[PDB]
Visitor: 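A single structure is presented below for examination.
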2 protein chains.
Amino acid sequence: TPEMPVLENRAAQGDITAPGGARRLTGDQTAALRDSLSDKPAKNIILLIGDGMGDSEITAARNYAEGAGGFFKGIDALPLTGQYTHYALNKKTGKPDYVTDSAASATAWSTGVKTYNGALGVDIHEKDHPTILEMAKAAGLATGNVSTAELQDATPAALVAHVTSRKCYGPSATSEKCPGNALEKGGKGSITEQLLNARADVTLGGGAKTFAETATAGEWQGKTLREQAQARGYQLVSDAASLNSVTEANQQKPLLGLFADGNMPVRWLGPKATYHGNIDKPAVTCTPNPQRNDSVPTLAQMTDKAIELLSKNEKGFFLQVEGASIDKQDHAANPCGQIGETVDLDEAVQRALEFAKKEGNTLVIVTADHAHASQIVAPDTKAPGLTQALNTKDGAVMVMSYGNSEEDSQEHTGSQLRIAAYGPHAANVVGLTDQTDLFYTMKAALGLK
Amino acid sequence: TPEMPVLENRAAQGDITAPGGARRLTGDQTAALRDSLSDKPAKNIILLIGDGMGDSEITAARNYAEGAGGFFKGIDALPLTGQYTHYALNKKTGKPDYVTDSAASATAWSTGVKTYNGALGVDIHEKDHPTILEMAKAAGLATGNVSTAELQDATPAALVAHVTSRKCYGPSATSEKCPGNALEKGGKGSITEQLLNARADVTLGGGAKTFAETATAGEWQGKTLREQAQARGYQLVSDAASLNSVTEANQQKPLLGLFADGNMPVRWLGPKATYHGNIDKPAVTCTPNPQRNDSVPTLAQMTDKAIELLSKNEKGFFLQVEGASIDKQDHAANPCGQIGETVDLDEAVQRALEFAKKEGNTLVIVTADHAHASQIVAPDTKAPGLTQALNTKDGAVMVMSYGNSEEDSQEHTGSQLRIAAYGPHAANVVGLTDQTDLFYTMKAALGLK
Ligand SMILES: [Zn+2]
Ligand SMILES: [Zn+2]
Ligand SMILES: [Zn+2]
Ligand SMILES: [Zn+2]
Ligand SMILES: [Zn+2]
Ligand SMILES: [Zn+2]
């Protein structure tokens with residue numbers, strides 16, 4: 001009984017060359033919007049983040065994969081939409097810093113406080129602030145954290161770790177870069193160590209490499225972090241079959257899935273964009289990555305499994321799911337990698353909305369941490385940066401441009417970007433808001449004090 | 001009573017470095033949104049166009065003028081928001097052309113049909129389609145067209161002209177460029193001649209220059225376009241006091257304001273962005289244009305005058321206002337020019353909202369024709385294009401980058417972009433829609449046959 005409707009189909013309704021054929025609506029939307037408005041409490045929240053997934057990135061992927069007049073059945077399906085700002089702060093002056101990194105932005109939605117680029121779960125004065133995940137857990141809710149990146153990376157770590165630098169993955173880097181957080185120095189520990197303490201019910205991702213380090217002090221001194229997790233009662237899975245086999249995940253038997261040494265493999269392969277690549281080279285067609293896997297769970301699969309597991313908690317659950325490599329491939333000026341990760345996120349959003357429609361008390365949110373480099377430009381463009389032409393689903397060429405850095409990595413950009421939601425309290429993402437308003441919306445939605 | 005609320009305050013609530021200080025929301029928005037929803041008929045429609053104003057331009061402008069946690073009283077105040085697609089079509093194949101120009105996009109919203117770049121009020125078959133302005137006229141409503149560009153420019157031209165190329169300003173160019181539209185060949189004539197025939201009640205903008213041209217055929221043969229105009233009943237005006245003098249505008253005494261030979265002068269000046277300008281050159285503070293003028297009305301002024309005059313019509317009115325030079329200065333890689341024109345549009349939108357709040361049956365819409373080049377990047381960015389550092393209201397530096405063309409004009413981009421509305425039927429802009437839906441929406445709100 002989907003009391004609240006999702007947008008079933010907003011693809012062009014007919015022939016795009018004819019009058020009205022490019023319409024995405026079939027009639028007035030007033031009543032459907034009224035029906036999408038509920039202030040009832042949310043039992044559950046599922047927060048879906050496409051890292052670096054700005055409006056440009058969603059547009060490019062739609063054009064490629066679905067066609068210009070196409071529709072992402074997940075991404076584009078959320079009825080309430082708005083734009084949000086994600087500015088960070090300068091540590092020294094406390095003034096705005098126009099372009100955030102993933103650590104400052106994730107800290108923002110996860111704690112409700114602005115911070116400096118590279119900070120995790122701390123403010124500009126380096127004070128710790130409780131995260132939305134720690135709060136939910138303390139309230140009795142089940143908690144899940146899923147990402148295709150290494151688990152120590154910014155987006156997932158922000159929910160469980162409070163360190164002065166996102167670089168402090170394990171004991172060795174923490175000692176050098178976050179001496180104040182170093183276990184041996186009386187601190188709370190490296191990101192990985194804090195993650196082990198946070199003890200969410202379900203944690204699935206990459207980053208097995210760091211689990212090989214040994215703790216420098218404490219109860220588990222001299223053992224590996226992997227050993228520590230086993231000693232601590234975590235159930236460890238490392239492949240798709242092992243994950244599927246899991247029937248329970250909780251405080252007694254928390255699940256920890258480590259599917260790659262670093263980040264999980266990307267869905268699609270293609271060449272890097274190059275200088276005048278749209279003039280000098282032929283059009284590219286993306287191709288599935290063979291290293292992707294049947295033993296490797298996809299984001300949608302990880303999403304479905306977490307939901308099954310966490311759904312067993314009568315009080316409710318909090319789940320964050322990250323499509324991490326949209327950003328990584330945007331930095332890499334690799335259209336196909338970038339777009340393939342966005343189609344990947346869309347499958348995950350579809351799974352989340354099916355559950356939510358069914359359940360009726362679930363708030364689903366789809367947004368990004370910050371904007372990115374990629375731009376859609378005309379085919380005959382002569383640009384200073386890196387470009388590539390692509391053969392889209394329409395049978396037409398689309399060119400993408402990366403022109404904001406002469407360095408090896410293309411840059412994040414500062415533009416406000418799309419926020420979309422479905423479910424109870426969804427109205428709170430409409431209009432202009434701030435990334436910190438999202439923490440407060442989630443908190444109030446679940447009724448946390 | 002203001003049955004329909006606008007957003008009175010979406011600025012940062014307090015101290016941005018403290019928990020919750022950067023929030024824009026004070027509490028739950030459910031109720032406010034509900035109250036923002038109505039399906040009754042609109043009596044009037046005010047469409048505000050920021051040419052090339054994507055989310056990036058809006059952000060950069062807010063940051064500079066109001067600060068990161070600031071808020072635009074006009075632009076940011078519309079409660080219902082979405083994202084729309086504006087792709088055009090390739091003329092030969094009927095396939096999508098990912099990056100539109102200003103003529104194809106204005107055609108879509110003004111006629112409800114997609115078209116090829118450079119086309120005005122015609123489909124890919126070069127077949128004419130009625131515009132929303134012609135339709136309102138036919139139903140007895142008052143109609144107004146205001147812009148800061150030359151009135152023959154694409155944006156305002158699309159409501160009153162049907163030509164195969166937007167370059168067909170007047171007889172000269174038309175005979176050459178759009179032979180089939182040339183008066184002498186049986187055509188409906190050039191943009192300017194067709195503008196004279198469309199006969200809107202209120203037409204304010206630039207482009208006096210083409211009016212010096214003389215007709216090659218027709219009843220007004222051998223006379224200039226201006227003479228034909230006065231000759232036709234037109235009340236012509238060329239300055240602010242003269243514009244202020246006007247007490248009425250109607251089919252009997254239509255108003256034609258020509259405040260400039262070419263485009264109206266921009267509000268702010270600053271240096272053009274340069275290669276490595278953010279590293280090699282000091283931060284910029286924008287300078288008001290001392291040659292802008294007390295004799296030239298501002299957009300807000302033309303806007304206030306147009307509403308007053310058109311409101312005298314009991315049946316209602318349709319008004320299009322264009323903040324045209326946002327796009328032009330974005331092409332020129334001129335941050336200050338670009339920002340000043342957005343702040344300029346904000347004032348106009350503020351006037352439209354005041355009226356609409358008071359009037360009660362007015363649908364106000366704010367959006368752009370397509371995306372643009374400007375990007376906000378980190379201060380220390382080393383980019384291959386044109387960059388500039390600016391000193392913002394926050395007292396911090398923001399750097400803008402233009403990196404999609406090696407030619408002398410930066411390019412439009414294809415990204416979906418913000419659409420926002422207030423008033424009856426505004427729900428119709430929420431979520432994902434296409435530019436052609438805007439026509440259908442407007443036509444339906446007004447009940448045009
Ligand atoms: Zn990121
Ligand atoms: Zn991330
Ligand atoms: Zn990044
Ligand atoms: Zn334009
Ligand atoms: Zn224009
Ligand atoms: Zn332009």
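Reminder, nothing fancy here: chain letters follow the sequence lines and each chain counts from 1.
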Visitor: A quick test of your reading: do over 12 heavy atoms of other residues, nucleotides or ligands sit less than 6.0 Å from CG of A:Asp408?
Guide: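 Not buried by this count: 12 neighbours or fewer within 6.0 Å.
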Visitor: Does any heavy atom of chain B fall under 4.5 Å from the side chain of A:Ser401, the backbone, both, or neither of them?
Guide: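 The side chain, not the backbone.
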Visitor: Out of B:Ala77, B:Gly69, B:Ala371, B:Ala60, which one racks up the most heavy-atom pairs below 4.5 Å with chain A?
Guide: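 Greatest number of close heavy-atom pairs with chain A: B:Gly69.
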Visitor: If you count every heavy atom of other residues, nucleotides or ligands that lies below 6.0 Å from A:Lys382 atom NZ, does the total exceed 12?
Guide: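 For A:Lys382, atom NZ is not crowded (no more than 12 foreign heavy atoms under 6.0 Å).
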Visitor: Relative to chain A, which segment of B:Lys95 carries a heavy atom at a distance below 4.5 Å: side chain, backbone, both, or neither?
Guide: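 Only the side chain of B:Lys95 comes within 4.5 Å of chain A.
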Visitor: Heavy atoms only, distances under 4.5 angstrom: which of B:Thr17, B:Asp394, B:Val113, B:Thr413 has the most pairs with chain A? Name it, please.
Guide: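 Option with the top pair count is B:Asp394.
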Visitor: Can you say whether B:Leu37 sits under 4.5 Å from chain A via the side chain, the backbone, both, or neither, judging by heavy atoms?
Guide: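 Interface part for B:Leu37: both.
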Visitor: If contact means a heavy atom pair closer than 4.5 Å, which residues of residues 122-129 of chain A contact chain B?
Guide: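 From residues 122-129 of chain A, the residues near chain B are A:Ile124, A:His129.
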Visitor: Using every non-hydrogen atom in the two residues, find where A:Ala383 and B:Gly403 come nearest and quote the distance to one decimal.
Guide: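 Taking A:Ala383 first and B:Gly403 second, the nearest heavy atoms are CB-O, 4.5 Å.
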Visitor: Minimum heavy-atom separation for B:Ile376 to A:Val99, with atom names?
Guide: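 Shortest heavy-atom separation between B:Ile376 and A:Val99 comes out as O-CG2, 3.6 Å.
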Visitor: Please confirm whether the backbone N or O of B:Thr81 pairs with a side-chain atom of A:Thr81, one donor and one acceptor, at under 3.5 Å?
Guide: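 A pair under 3.5 Å: yes.
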Visitor: With no hydrogens and no angle check, just 3.5 Å: does a side-chain donor-acceptor pair link A:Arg418 and B:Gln416?
Guide: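 On atom types as modelled, these side chains do not qualify, holding no pair under 3.5 Å.
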Visitor: Among the options A:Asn117, A:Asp15, A:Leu89, pick out the one with the most heavy-atom pairs lying under 4.5 Å from chain B.
Guide: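 Ranked by heavy-atom pairs under 4.5 Å with chain B, first place is A:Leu89.
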Visitor: Between B:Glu411 and A:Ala378, which heavy-atom pair has the shortest distance, and what is it?
Guide: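 Taking every non-hydrogen atom into account, OE2-CB, 4.1 Å.
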Visitor: Shorter than 4.5 Å, heavy atoms on both sides: which option in A:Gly20, A:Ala12, A:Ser374 has the most such pairs with chain B?
Guide: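 Maximum pair count with chain B is reached by A:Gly20.
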Visitor: Give, as side chain, backbone, both or neither, the part of A:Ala373 having an atom under 4.5 angstrom from any heavy atom of chain B.
Guide: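 When you check distances to chain B, only backbone atoms of A:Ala373 fall under 4.5 Å.
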Visitor: Answer yes if the side chains of B:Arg24 and A:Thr85 hold a donor-acceptor pair under 3.5 Å, and no otherwise.
Guide: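 B:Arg24 vs A:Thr85: donor-acceptor pair found between side chains.
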Visitor: Determine the minimum heavy-atom distance between B:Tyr440 and A:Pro19, stating which atoms define it.
Guide: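 Closest approach of B:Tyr440 to A:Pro19: OH-C, 3.9 Å.
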Visitor: Is A:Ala22 close to chain B through its backbone or its side chain, or both, or neither, when contacts mean heavy atoms under 4.5 Å?
Guide: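 Its backbone and side chain both get close to chain B.
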Visitor: Can you tell which of B:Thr381, B:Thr93, B:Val430, B:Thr436 has the highest number of heavy-atom pairs within less than 4.5 Å of chain A?
Guide: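 Max contact count across the listed options: B:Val430.
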Visitor: Does any backbone or side-chain atom of B:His372 lie under 4.5 Å from a heavy atom of chain A? Answer side chain, backbone, both or neither.
Guide: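 Only the backbone of B:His372 comes within 4.5 Å of chain A.
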Visitor: Run the side chain to side chain contact (heavy atoms under 4.5 Å, CB included) test against A:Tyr84 and tell me which residues pass, sequence neighbours left out.
Guide: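 A:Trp109, A:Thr367, A:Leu417, A:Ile419, A:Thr433, A:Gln435, A:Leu438.
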Visitor: Output the option from B:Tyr87, B:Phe71, B:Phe439, B:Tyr98 having the highest count of non-hydrogen pairs under 4.5 Å with chain A.
Guide: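 Top option by heavy-atom pairs under 4.5 Å: B:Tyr98.
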Visitor: At a heavy-atom separation under 4.5 Å, does A:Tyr275 approach chain B through its side chain, its backbone, both, or neither?
Guide: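 Looking at A:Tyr275, just its side chain touches chain B.
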Visitor: Of the non-hydrogen atoms in B:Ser415 and A:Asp55, which two are nearest, and what is the gap between them?
Guide: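 The answer is OG-C, 3.3 Å.
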Visitor: Who among A:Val429, A:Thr392, A:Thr441 has the most heavy-atom pairs with chain B under 4.5 Å?
Guide: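 The candidate making the most pairs under 4.5 Å is A:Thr392.
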Visitor: Select one option (side chain, backbone, both, neither) describing which atoms of A:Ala18 are under 4.5 Å from chain B's heavy atoms.
Guide: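 The answer is the backbone of A:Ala18.
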Visitor: If you tally heavy-atom pairs under 4.5 Å against chain B, which of A:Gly21, A:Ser38, A:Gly385 wins?
Guide: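 The option with the most such pairs is A:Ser38.
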Visitor: Would you please name every residue forming a side-chain hydrogen bond (donor to acceptor under 3.5 Å, both in side chains) with A:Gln375, sequence neighbours left out?
Guide: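 A:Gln375: no side-chain hydrogen bond (donor to acceptor under 3.5 Å, both in side chains) contacts found.
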Visitor: Report yes if the side chains of A:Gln29 and B:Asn428 come closer than 4.5 Å at any heavy-atom pair, otherwise no.
Guide: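 With C-beta onward as the side chain, the pair touches.
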Visitor: Any carboxylate oxygen within less than 4.0 angstrom of a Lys/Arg side-chain nitrogen, looking at A:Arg34 and B:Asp39?
Guide: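 Salt bridge: yes.
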Visitor: Is the NZ atom of A:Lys91 crowded by more than 12 outside heavy atoms at less than 6.0 Å?
Guide: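 It does: A:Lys91 NZ has more than 12 such atoms within range.
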Visitor: Tell me, side chain or backbone of A:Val397 under 4.5 Å from chain B's heavy atoms, or both, or neither?
Guide: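 Backbone of A:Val397 only, per the 4.5 Å heavy-atom cut-off to chain B.
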Visitor: Which atom names give the shortest non-hydrogen contact between B:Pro384 and A:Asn404, and what distance separates them?
Guide: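 Scanning both residues completely, I find the closest heavy atoms to be CD-C, 4.1 Å.
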Visitor: What residues, two or more places apart in sequence or in another chain, satisfy side-chain hydrogen bond (donor to acceptor under 3.5 Å, both in side chains) together with A:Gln13?
Guide: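 A:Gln13: side-chain hydrogen bond (donor to acceptor under 3.5 Å, both in side chains) contacts with A:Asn9.
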Visitor: Given the options A:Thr111, A:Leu33, A:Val399, which has more heavy-atom pairs under 4.5 Å with chain B than any of the others?
Guide: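 Of the options given, most contacts go to A:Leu33.
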Visitor: Any donor and acceptor pair, going by atom type alone, linking the side chain of B:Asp437 with main-chain N or O of A:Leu25 inside 3.5 Å?
Guide: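 Present.
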Visitor: Can you tell which part of A:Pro79 gets under 4.5 Å to a heavy atom of chain B, answering side chain, backbone, both or neither?
Guide: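 Backbone of A:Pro79 only, per the 4.5 Å heavy-atom cut-off to chain B.
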Visitor: Less than 4.5 Å to any heavy atom of chain B: does that hold for the side chain of A:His86, its backbone, both, or neither?
Guide: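 Neither part, no heavy atoms under 4.5 Å.
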Visitor: Heavy atoms only, distances under 4.5 angstrom: which of B:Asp97, B:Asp76, B:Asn63 has the most pairs with chain A? Name it, please.
Guide: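 Ranked by contacts with chain A, first place is B:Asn63.
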Visitor: I need the residue from B:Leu432, B:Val377, B:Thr100, B:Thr387 with the largest number of non-hydrogen atom pairs under 4.5 Å to chain A.
Guide: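 The answer is B:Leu432.
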Visitor: Between B:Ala444 and chain A, which part of the residue has a heavy atom less than 4.5 Å away: side chain, backbone, both or neither?
Guide: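 Neither part; nothing is under 4.5 Å.
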